[PDB]
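In order, the protein sequences belong to chains A and A'. A prime marks a further copy of an entry chain. Here the authors' numbering is used: the first residue of the first sequence is 168, the next is one more, and so on. Here the authors' numbering is used: the first residue of the second sequence is 57, the next is one more, and so on.
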Amino acid sequence: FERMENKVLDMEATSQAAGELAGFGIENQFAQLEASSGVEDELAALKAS
Amino acid sequence: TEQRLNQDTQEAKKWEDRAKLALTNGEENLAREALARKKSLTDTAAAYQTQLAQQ
Numbered sequence: 168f169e170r171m172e173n174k175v176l177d178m179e180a181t182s183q184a185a186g187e188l189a190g191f192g193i194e195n196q197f198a199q200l201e202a203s204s205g206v207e208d209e210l211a212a213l214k215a216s
Numbered sequence: 057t058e059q060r061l062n063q064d065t066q067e068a069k070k071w072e073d074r075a076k077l078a079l080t081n082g083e084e085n086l087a088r089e090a091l092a093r094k095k096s097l098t099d100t101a102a103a104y105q106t107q108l109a110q111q
């Protein structure tokens, strides 16, 4: 069980590995802020129609 | 060389727009990063202007 717990920490480490790799995108992320606000603005106009 | 000058000068305008976006989003650290890209493009544009003057 103790050696298997160390193997469970490989899954935890793999989850953080994907999070650190996703962190490379933070400079580009500003495009997602403008895209998301834009779709809510036209969706609000569509809901108001 | 005049085409490269237009490519690097329009790339500098693109980075200036990314800097403006970073400042409205409050990410001043990304604004400085964009300004660093802009500076190397304007400094090489002056080198291409000098090359074009010789040509």
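Every residue, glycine too, gets a C-beta built ideally from N, C-alpha and C.
With H, G and I counted as helix, E and B as strand and the rest as coil, what does DSSP make of residue i?
i, result
"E67 of chain A'", "helix"
"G190 of chain A", "helix"
"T57 of chain A'", "coil"
"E83 of chain A'", "coil"
"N195 of chain A", "coil"
"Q111 of chain A'", "coil"
"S96 of chain A'", "helix"
"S204 of chain A", "helix"
"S216 of chain A", "coil"
Could you tell me the alpha carbon to alpha carbon distance between residue i and residue j, rounded to whole angstroms?
i, j, result
"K69 of chain A'", "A101 of chain A'", "12 Å"
"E58 of chain A'", "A90 of chain A'", "24 Å"
"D99 of chain A'", "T181 of chain A", "43 Å"
"residue 31 of chain A'", "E179 of chain A", "Examination of residue 31 of chain A' is not possible in this model, given that chain A' is present from 57 through 111 alone."
Cβ of residue i less than 7 Å from any chain A' Cβ?
i, result
"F197 of chain A", "yes"
Give the interface partners of residue i over in chain A', defined as CB-CB distance under 8 Å, in chain order.
i, result
"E194 of chain A", "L86 and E89"
"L200 of chain A", "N81"
Check the Cβ-Cβ distances between residue i and every residue of chain A, and say whether any is below 7 Å.
i, result
"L79 of chain A'", "no"
Tell me whether residue i counts as near the ligand GTP, meaning its Cβ is closer than 6 Å to at least one heavy atom of that ligand.
i, result
"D73 of chain A'", "Here there are no bound small molecules, and the ligand GTP is not part of this structure."
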